[PDB]
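The block underneath contains the structure these notes are about, expressed in structure tokens.
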Ligand SMILES: *[C@@H]1O[C@H](CO)[C@@H](O)[C@H](O)[C@H]1NC(C)=O
Ligand SMILES: *[C@@H]1O[C@H](CO)[C@@H](O)[C@H](O)[C@H]1NC(C)=O
Ligand SMILES: *[C@@H]1O[C@H](CO)[C@@H](O)[C@H](O)[C@H]1NC(C)=O
Ligand SMILES: *[C@@H]1O[C@H](CO)[C@@H](O)[C@H](O)[C@H]1NC(C)=O
């Protein structure tokens, strides 16, 4: 349940959903927010696995 | 339907999507 | 046109299938007794390669243009060197720079010239009886060349110039490519003995050269050697009896291989990483032998087919011209507010009628404004000096920005600034444009300050005297045509909006389509995006709600903006793909389990 | 002259140095930056190969571009130091150990 609920946090981005990021904004200026989201989700996965 | 005994049945009745396969 | 040829027996293109054919060295490094897994462009195993013929037999002779995608596996087979050269380029118009490679008796020439080719170029050779040699008869491949930014000539040599017939005693393979401007080539020769369709086995191709040319290539051709003799009629249109010739043409794809470097550093075997489940398990294990058991491989996913779009029925246009210099704007201190809604808008009006010099957005890419659906767009009207046009920005300072009109940091919208010098260049000067020079404290974002009292700089309470330390922050401008460009007025409009709050009808010119059910398809509901299957549910939405949500805080159910029904959303299909194998040693048949 | 069209093919010259052997030395073999003790090797490359890798995308050999020779690459020494003390209370002698 916690691993699922981690999928709705911004981690610093302007929104917590990737589709909105890729639809509202141009990818060369969206790669940074995508990187933020990827870092957050990687941290969550590592915690759960350990 | 199965071959479980009585006490096994009592024990059986007393215990209660992004890629999360089981 | 130019000279042509007759008696061309048109036939459907013969087809044949390669067998582990056309694998070249990916790069320059050296490895010994490893199993590397490279990722480059390769000819797929057991692909479909198009046969071509030029052998007269009868009346067969063909060498037409072929498209040139990202690589071609040209694998000719010859006995008397009937196929000699090549042509590259974009349209062969003698106007776009093009490449050429001829195998002449002098050299294997490489040229980069705007050559003007005819519709039937070739290489001509004749069997003169006085001297039984093979000289060129008509080297009119091209008209001339104007500009040539690259030329090269190789070493001289002398071809054997055979005029005989027989089975193709040798074999030739080439893989032409084109990356990052550079032009490459690969080759390998083997005197294989056969008479017919390409043989079995596996062999590797070695690099030859790397041309540093910068042309763009789309479509290519091929030279042939016409074996003209006395028995021919004796003309460029009908006098020719070429003889045996055969060559195939393959196409590359972004595949993924697993090559097996042997002890010497050569390549002895290769396995395609996506042909069949056993090969996938070999690729995953990084080995050529698979032990008995069950393994894991890539996942299974259903691919969407159709895309649907829904939008509310709105026809009224969005009034923009009456906001863009209708009659007059207001001063900086008292800016102008306007709310626009319930209309279909567009951005092209901000790109065609007047290309405003200052046009920079925030949060939203300027070219993407069609699709995302807006909510209660806000507009601002005011004119400032050209010196401080940068003052209007999310996170800047300045007198007017910090004292007259301040943007929030999370502002989501575009800003437009464009000079109107003729409208605001009075010889006497228009002086209704003011500013707030001083204020005791800063203001709030999107908050007005209409106070125009006598500001008290220090002590001596003013009480309407405007004495020392009592100044008037509202001061006029000096807009005259004689003023400098930096001080010239700019007209600035701020386009502010917010999104994803409630059902709005302000967004752009997209068009609707029919609605489908019970299929894994894409969708777009008032700017929403995703993928799933749309069924009909039994939820009872209260007659003010729009969305539905799960415990994971995502979209579960939506509402059709036109039919007012209630639809459902469900992911298409997940699941891994296991593979059951008895062992590569034992057999080579597998069973696949979708989980 | 121009720039940024058909990536540079007309370009300036490059310098050269000597070739030392059997000593730790930073090297630059046609752009291959590294560090180690170059020594004569016996691996047989192919006429068109320059680099050399073994199991983990690491350099193991390099072709001497001028003489078309093969030179190995062995990294320099490692190893932390260890101090064997019999106790400050007892004496003040040590015996270091290079690992
Ligand atoms: C591709 O070829 C066309 C020919 O019209 C040329 O205009 C274009 O610049 C080429 N593209 C590249 C990336 O070289
Ligand atoms: C290459 O491999 C073959 C094995 O077929 C071996 O006989 C030969 O000696 C090897 N080449 C060299 C230079 O060792
Ligand atoms: C394959 O199985 C047979 C029968 O057990 C055995 O003789 C042979 O050595 C096996 N081969 C390999 C490569 O394991
Ligand atoms: C040092 O050793 C002596 C003799 O065993 C002992 O009496 C003393 O307490 C020790 N001191 C410390 C600091 O270990």
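Protein chains in written order, with the UniProt record's numbering: chain E, 960 to 1009; chain X, 812 to 827, 855 to 860; chain L, 14 to 70, 76 to 613; chain G, 515 to 613. Every residue gets a Cβ at the ideal spot worked out from N, C-alpha and C, and that includes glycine.
Mind checking whether the beta-carbon of residue 282/L lies closer than 7 Å to any heavy atom of ligand 2?
-> yes
Check whether the Cβ of residue 491/L lies closer than 8 Å to any Cβ atom in chain G.
-> no
Within 8 Å (strictly less), CB to CB, does residue 580/G reach chain L?
-> no
Flag residue 593/G as yes if its beta-carbon sits less than 8 Å from any beta-carbon of chain L, otherwise no.
-> no
May I ask you to verify whether the region 374-389 of chain L touches the region 426-439 of chain L, counting CB pairs closer than 8 Å and requiring at least 3?
-> yes
Taking three-plus beta-carbon pairs below 8 Å as touching, is the region 252-264 of chain L in contact with the region 30-50 of chain L?
-> no
CA-to-CA distance, residue 559/G to residue 142/L, given in whole angstroms | 42 Å
Cβ atoms of residue 597/L and residue 315/L: under 8 Å apart, would you say?
-> yes
Taking Cβ positions only, does residue 548/L come closer than 8 Å to chain E?
-> yes
Measure from the alpha carbon of residue 185/L to the alpha carbon of each residue in 198/L, 594/L, 214/L, 164/L, then state which is nearest.
-> 214/L
Give the residues of chain L in contact with residue 601/G, contact being defined as C-beta atoms less than 9 Å apart.
-> Correct list: empty, because the minimum Cβ distance to chain L is about 52 Å.
Element boundaries [alpha helix (DSSP H), containing residue 397/L] | Looking at the DSSP string, residue 397/L is not in any alpha helix (DSSP H); the run it does join, the beta strand (DSSP E), is 393-403.
Ignore the nearest five residues each way along the sequence and tell me which others in residue 353/L's own chain have a CB closer than 6 Å to its CB.
-> 398, 400, 423
If you draw a straight line from the C-alpha of residue 431/L to the C-alpha of residue 513/L, how long is it?
-> 6 Å
What residues from the region 39-58 of chain L come within 8 Å of chain G, judged by C-beta to C-beta, listed N to C?
-> 41, 42, 43, 44, 45, 47
Taking a cut-off of 5 Å, which residues have a beta-carbon closer than that to any heavy atom of ligand 1, in chain order?
-> 108/L, 234/L
As assigned by DSSP and simplified to three states, the class of residue 481/L = coil
If we count the other Cβ atoms within 10 Å of its Cβ and call it buried at 16 or more, is residue 116/L buried or exposed?
-> buried
Check whether the region 22-31 of chain L touches the region 236-253 of chain L, taking contact to mean three or more Cβ pairs, one atom from each stretch, closer than 8 Å.
-> no
With a Cβ-Cβ cutoff of 8 Å, do residue 449/L and residue 350/L count as a contact?
-> no
Kindly list, in the order they appear in chain X, the residues whose Cβ is closer than 7 Å to that of residue 589/L.
-> 855
Does residue 409/L get closer than 8 Å to chain X when you measure Cβ to Cβ?
-> no
Min CB distance residue 859/X to chain L below 8 Å = yes
Kindly examine ligand 4 and report whether one of its heavy atoms sits closer than 7 Å to the Cβ of residue 603/G.
-> yes
Residue range of the alpha helix (DSSP H) that includes residue 527/G = Per DSSP, residue 527/G belongs to no alpha helix (DSSP H) and is neither H nor E.
Can you find a CB in chain E that lies within less than 8 Å of the CB of residue 383/L?
-> yes
Does the Cβ-Cβ distance between residue 228/L and residue 967/E come in under 8 Å?
-> no
Spatial distance of residue 145/L from residue 178/L (CA atoms) = 14 Å
Starting from residue 420/L, trace the alpha helix (DSSP H) both ways and give me its first and last residue.
-> 417-421
Within-8 Å CB hit, residue 529/L to chain E = no
Got a sec: is the Cβ-Cβ distance from residue 283/L to anything in chain G below 8 Å?
-> yes
Residues, ordered as in the chain, of the region 960-983 of chain E that lie near chain L by beta-carbon distance below 9 Å = 960, 963, 964, 966, 967, 973, 974, 975, 976, 978, 979, 981, 982, 983
With respect to the alpha helix (DSSP H) encompassing residue 818/X, which residues constitute its N-terminal and C-terminal limits?
-> 817-823
State yes or no: is the C-beta of residue 105/L within less than 8 Å of the C-beta of residue 94/L?
-> no
Distance, Cα to Cα, residue 307/L vs residue 282/L?
-> 22 Å
Assigned exposure category for residue 32/L - 16 Cβ within 10 Å defines buried = exposed
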